[PDB]
Amino acid sequence: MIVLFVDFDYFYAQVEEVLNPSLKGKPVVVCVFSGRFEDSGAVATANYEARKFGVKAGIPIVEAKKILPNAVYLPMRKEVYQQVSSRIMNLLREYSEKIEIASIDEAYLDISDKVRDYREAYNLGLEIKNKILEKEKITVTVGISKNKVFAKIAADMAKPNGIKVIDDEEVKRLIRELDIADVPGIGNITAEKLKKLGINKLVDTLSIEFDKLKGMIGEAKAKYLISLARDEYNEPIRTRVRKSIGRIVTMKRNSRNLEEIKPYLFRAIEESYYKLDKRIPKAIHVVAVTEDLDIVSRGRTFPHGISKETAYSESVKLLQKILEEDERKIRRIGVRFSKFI
DNA sequence: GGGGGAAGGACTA
DNA sequence: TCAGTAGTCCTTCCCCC
Ligand SMILES: Nc1ccn([C@H]2C[C@H](O)[C@@H](COP(=O)(O)OP(=O)(O)OP(=O)(O)O)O2)c(=O)n1
Ligand SMILES: [Ca+2]
Ligand SMILES: [Ca+2]
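What follows is the structure in structure tokens.
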């Protein structure tokens with residue numbers, strides 16, 4: 001198999017640059033303003049001029065401003081990036097019917113039946129980059145290898161605005177030399193459990209007793225890592241279908257007062273129903289983020305679709321279940337719909 | 001023994 | 001006054017065949 005992975009460069013910030021070119025060359029920071037106070041919230045992403053200085057996705061907006069007080073701070077306009085993303089995905093469909101859209105800014109193409117070798121895949125990759133640049137003026141990074149995991153890794157190594165092929169020989173070198181923390185799906189917590197087992201490279205998972213590996217990181221991740229280490233990882237490129245749609249909002253102030261929380265919960269339901277658009281969910285979950293940032297949730301599944309009115313009344317019962325079963329105050333409240341008809 | 005669901009947890013956004 | 005904001009898949013514990 002030959003997989004071609006496309007990951008758009010600093011996506012949210014780049015789309016803003018495309019819509020307002022005077023922004024180019026300046027540090028741009030796209031933010032999610034929570035509304036609790038002046039500048040409360042987090043950075044969604046920043047272009048490379050801002051990232052060079054430590055302003056990156058996830059940090060508080062107040063911290064970003066301490067580092068770069070004169071950078072351009074823009075409010076996230078998700079719907080705008082979504083429309084731009086959808087047009088780029090449509091361009092990629094022209095290069096392969098076998099495409100897997102993994103997120104708002106990334107897709108995997110199985111080009112096995114389109115090119116004969118890596119030389120040709122690499123060329124098709126250039127063709128793709130040029131096409132996206134021509135049509136939307138957006139630069140992307142392309143990663144090419146024998147499977148999804150290594151195609152993604154290839155891209156990670158070449159961004160931004162890059163293109164890289166990890167051939168079979170390099171795949172073998174990487175299995176031995178690549179820091180296992182850099183493997184998709186290995187976060188800080190798993191990375192720490194592995195370091196604690198002596199495991200720092202994929203190749204290391206082949207010599208550890210399987211039960212020891214599994215007992216520590218679970219059966220699924222152990223098999224995943226082993227399959228990659230044996231160079232036998234095979235997952236087909238598959239059309240993704242959204243399985244849930246939801247919205248969670250931050251409250252002006254923490255609380256466990258039902259009438260005070262209702263307005264935020266109802267606003268989350270409205271926005272959520274706006275996004276479902278024709279999709280009818282049979283399940284609804286109320287999700288609360290507690291004062292200490294823990295996540296607690298309660299849901300219900302119906303043998304039929306959930307009308308907006310039913311979503312309103314059931315969400316309150318589920319919220320009450322959360323209040324009655326957890327004594328912490330709530331900071332964020334939202335809903336999540338799933339099991340679509 | 002293991003299918004199947006609810007809720008927590010990890011990961012990547 | 002650090003802490004957003006969406007969404008997926010796996011795990012653990014429980015019911016049930
Ligand atoms: N914690 C995060 C991480 C990402 N995103 C959003 C904004 C990013 O623009 C977009 C894509 O994610 P990437 O990790 O690919 O980040 P970028 O495209 O921004 O940059 P790059 O790919 O250059 O590294 O997803 C977000 O809202 N919150
Ligand atoms: Ca990406
Ligand atoms: Ca990207």
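With the first letter of the first sequence counted as 1, position 22 gets the number 22 in the deposited numbering; the numbers rise by one all the way through.
Yeah, the Cβ is synthetic: ideal placement off N, Cα and C, and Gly gets one too.
Relative to residue 158, the option among 179, 335 and 6 whose CA is nearest is 6.
Selection 204, 139, 325 and 329 evaluated against residue 226 yields 204 as nearest (Cα-Cα). Between residue 164 and the set 192, 126 and 93, the nearest pair of CA atoms involves 126.
Going by C-alpha positions, residue 310 is about 18 Å away from residue 333. Residue burial is scored here from C-beta neighbours: residue 320 has fewer than 16 other C-beta atoms within 10 angstroms and is therefore classed as exposed. Inclusion of residue 201 and residue 168 in the CB contact set at 8 Å is not warranted, their separation being larger than that value. Note on residue 294: under 16 other CB atoms within 10 angstroms of its CB, so exposed under the neighbour-count rule.
Only residues of its own chain outside the window of five on either side were considered, and among them 284, 285, 286, 298, 299 and 300 have a CB closer than 8 Å to the CB of residue 318, listed in chain order. The Cβ neighbour count for residue 123, taken over all protein chains shown within 10 Å, is under 16; the residue is labelled exposed. Under the three-state reduction of DSSP output, residue 272 falls in the helix class. Between the alpha carbons of residue 228 and residue 175 lies a gap of roughly 8 Å. A contact is defined here as three or more CB-CB pairs under 8 Å, and the segment 42-50 meets this definition with respect to the segment 9-21.
By the Cβ rule, the segment 71-89 counts as touching the segment 128-144, because three or more pairs are nearer than 8 Å. From the listed residues 329, 312 and 4, the smallest Cα separation to residue 154 is found for 4. According to DSSP, residue 337 shares a beta bridge with 245 and 284. Residue 275 and residue 245 do touch by the CB rule: their CB atoms are close to 5 Å apart, below 8 Å.
In the three-state reduction of the DSSP assignment, residue 37 falls in the coil class, being assigned neither a helical nor a strand state. Taken in chain order, the whole alpha helix (DSSP H) runs of length 4 or more contained in the segment 14-62 are 48-51. Secondary structure of residue 254 (DSSP, three-state): strand.
With at least 16 other beta carbons inside 10 angstroms of its own, residue 141 counts as buried. Exclusion of the five residues before and after residue 222 leaves 213 and 214 as the residues of its chain whose Cβ lies within less than 6 Å of its Cβ.
Segment contact: the segment 58-77 against the segment 21-33, three or more CB-CB distances shorter than 8 Å; contact assigned. Secondary structure of residue 332 (DSSP, three-state): strand. Between residue 117 and residue 96, the CB-CB gap reaches or exceeds 8 Å. Per DSSP, the continuous alpha helix (DSSP H) segment holding residue 312 begins and ends at 308-325. Under the three-state reduction of DSSP output, residue 208 falls in the coil class, being neither helix nor strand.
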